[PDB]
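Have a look below at one chain only, the form deposited in one PDB entry, in structure tokens format.
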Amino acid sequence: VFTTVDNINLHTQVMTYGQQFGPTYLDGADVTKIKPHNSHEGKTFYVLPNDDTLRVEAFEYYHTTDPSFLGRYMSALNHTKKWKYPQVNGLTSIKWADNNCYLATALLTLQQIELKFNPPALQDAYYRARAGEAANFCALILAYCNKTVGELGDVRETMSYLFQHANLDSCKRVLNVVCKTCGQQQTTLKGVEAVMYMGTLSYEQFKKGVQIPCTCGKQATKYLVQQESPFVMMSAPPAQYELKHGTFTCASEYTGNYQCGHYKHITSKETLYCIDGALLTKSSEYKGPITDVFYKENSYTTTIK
């Protein structure tokens, strides 16, 4: 048979699996204690890294040394394999199961923004997800986010974790802070901090300025001087918000109470589409509880001296 950690580098091997190889998985399902059948023969098994060659191969494919990672990934995959991934409005969604609404919203969002994942495991799975086969990609999202199946998930926290595994180095955000007393200070943010803001949904309002505390004691004004990124994510606690066709890429709708409510996805095409897992409605106007709005960007410089 063949052992692997990445399903690229295959090593030939020939008493339980757990005694010979340590924790040994097949197609999601733990076969550590279980024995070697005759149709459990010739195929490819995943193993926990137990020698240097496999640790290096594991880090090179996943970008983590965390020894739980593989087990958390296989426990997720055992469920995500059984979910349905229908095409909805030319996007791979997920049918509702095991509290996955937040994952579906993230997955739909990731198909509409420009992102390169550093870990080969994630990039490969992203491409396969975009082409309709998203089980692997969803298991990896759960593992990288330290979330298990059924656990209550936040889209902003999931996007934040995923962004930290993505090539956002070229992304730059210059902010000016204007206080009556302390005066003007400019800050350069890079990477994840350049593409994410919590406090308002409106990219327009971020450019025009928002009111934040100053250390001195007063209320100051933060405004956007310069943005170099393919997109920005604007987030705020759920609040009734109007979404206008053509002024945003997509948005997370969040209904109900902290943690135990539900997400739906709004996307701006030729009209506004609402994706609720397998279900698709459309309308020209939208007002509802929004918590995330994604916008297109390349290069922005303010006309405020």
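Rigid core here is just the name for the largest C-alpha set that superposes within 1.5 Å across the two forms. Counting begins at 1, following the sequence as shown.
- The deposited model assigns a higher average Cα B-factor to 203-211 than to the other stretch when 74-82 and 203-211 are compared.
- When the mean C-alpha temperature factors of 27-35 and 258-266 are read from the deposited coordinates, 27-35 comes out higher.
- Residue-level inspection of the entry shows that, of 139, 178, 155, 129, 178 has the top Cα B-factor.
- For the set 99, 164, 170, 112, the PDB entry assigns the largest Cα B-factor to 170.
- The PDB entry assigns residue 147 a C-alpha temperature factor belonging to the lowest third of its chain's modelled residues.
- Per-chain ranking of the deposited C-alpha B factor places residue 43 in the highest third.
- Annotation for residue 122: C-alpha temperature factor in the lowest third relative to the rest of the modelled chain, per the entry.
- The entry lists a Cα temperature factor for residue 93 that places it in the lowest third of the chain's modelled residues.
- Among all modelled residues in its chain, residue 291 ranks in the lowest third by Cα B-factor.
The next section is about a form of this same protein that is not shown, the form deposited in another entry.
- With the rigid core aligned between the shown form and the other one, only one of 237, 246, 67, 256 has a CA shift of 2 Å or more: 256.
- Core-superposed comparison between the shown form and the other one: the CA of residue 270 stays below a 2 Å shift.
- Residue displacement note: residue 25 has its CA displaced by at least 2 Å between the shown form and the other one (rigid core superposed).
- Fitting the two forms on the rigid core leaves the C-alpha of residue 34 displaced by at least 2 angstroms between the shown form and the other one.
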